[PDB]
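Listed below, chain by chain, are the residues.
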Amino acid sequence: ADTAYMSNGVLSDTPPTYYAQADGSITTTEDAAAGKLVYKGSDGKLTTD
Amino acid sequence: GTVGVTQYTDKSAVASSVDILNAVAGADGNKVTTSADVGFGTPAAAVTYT
Amino acid sequence: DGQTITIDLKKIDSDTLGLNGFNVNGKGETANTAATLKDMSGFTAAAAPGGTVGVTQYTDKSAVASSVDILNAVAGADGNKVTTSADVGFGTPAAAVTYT
């Protein structure tokens, strides 16, 4: 059914969803007030630390 | 509804059968419904074993 | 551990020192820079009339022309039409409006 997706370390029904902001930043949610702006480095996979 | 944001998705993360089995075995107390099992259930007379 | 001395190093080159090509003589044609999206801080518009969510329309307002600018624009072309009232000399009483 294509309803099972690999998360970072768990199985979730949804694929990883990413949003691209107007200012070029990347965040998980539409509102920039939340989101904990996504980061990357030294391991790939765009982990949020 | 904010057009100033654009959604990107990372596909090709399709779950494999081994990954699903590992996930269901990871938690304790889950439910698995399968038919046409080796040994028991080989004739597949019944489907709902759980 | 932790008892160290720090040496500060700065990138020293033509760009950092400034002037990006001194160019004393001039008369030398130079290429432009890229779009530089970060600078476009004008009025944001979420219209996107084409429906593409991957595009965001940015408009740069405060480009309103002055009255003398409008007069220069209308005078530059030959054969325009200007309707006005309250003129100096003729039309000062402004009994009629449409002179053109």
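Scroll up to find the structure.
Residues numbered from 1 in each chain as written, not as in the entry; some residues may be left out. Chains lettered and ligands numbered in written order. Part of a larger assembly, values for the part shown. Heavy atoms only, no water.

## With respect to the overall build of chain C
Phase 1 of the analysis: Check the secondary structure of chain C and you find two helices and two strands.
Phase 2 of the analysis: Taken against the 2.2 N^0.38 rule, which gives 13 Å for 100 residues, the C-alpha radius of gyration of chain C at 28 Å runs more than 25% over that of a compact globule.
Phase 3 of the analysis: By the burial criterion, 3% of the 100 residues in chain C qualify as buried.
Phase 4 of the analysis: Taking the average location of the 6 positive side-chain charges in chain C and that of its 10 negative ones, the two points are 1 Å from each other. (Helix = DSSP H or I, 4+ residues; strand = E, 2+ residues; numbered from the N terminus. Rg over C-alpha atoms; globule rule 2.2 N^0.38 Å. Buried < 20%, exposed > 50% of the residue type's maximum accessible area, 1.4 Å probe, protein only. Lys, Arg positive; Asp, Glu negative; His and termini not counted. Charge placed at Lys NZ, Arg CZ, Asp CG, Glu CD.)

## Focus on the pattern of salt bridges
Phase 1 of the analysis: Tallied over the full model, the rule gives two salt bridges over all chains.
Phase 2 of the analysis: For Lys-45 of chain A, the salt bridge goes to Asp-43 of chain A, with nearest N and O atoms at 3.0 Å.
Phase 3 of the analysis: The exposed category is assigned to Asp-43 of chain A, whose relative accessible area is 52%.
Phase 4 of the analysis: Note that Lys-10 of chain C and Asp-8 of chain C form a salt bridge whose closest N and O atoms lie 2.4 Å from each other.
Phase 5 of the analysis: Owing to a relative accessible area of 56%, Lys-10 of chain C belongs among the exposed residues under this scheme. (Salt bridge = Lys/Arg side-chain N within 4 Å of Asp/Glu carboxyl O.)

## Points about the interface of chain B and chain A
Phase 1 of the analysis: The interface is formed by 14 residues belonging to chain B together with 14 residues belonging to chain A.
Phase 2 of the analysis: Inspection of the region where chain B meets chain A yields zero salt bridges.
Phase 3 of the analysis: Every element with two or more residues in the side of chain B that touches chain A is listed here: β1 (6-9) and α1 (17-26) of chain B.
Phase 4 of the analysis: For the side of chain B that touches chain A, the element with the most residues is β1 of chain B, which contributes four residues.
Phase 5 of the analysis: Within the side of chain B that touches chain A, the residues separate by chemical class into seven nonpolar, four polar and three charged. (Contact = heavy atoms within 4.5 Å. Nonpolar A, V, L, I, M, F, W, Y, C, P; charged D, E, K, R; others polar.)

## A closer look at the pairing of strand β3 (residues 17-20) of chain A
Phase 1 of the analysis: Here β3 of chain A runs beside β1 of chain B; their pairing, made up of four bridges, is antiparallel. Note that in β1 of chain B the partner of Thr-17 of chain A across the bridge is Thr-9 of chain B.
Phase 2 of the analysis: Note that β3 of chain A and strand β4 (residues 26-27) of chain A share two bridges and pair antiparallel. Paired with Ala-20 of chain A across the strands is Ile-26 of chain A, a residue of β4 of chain A. (Pairing = 2+ DSSP bridges.)

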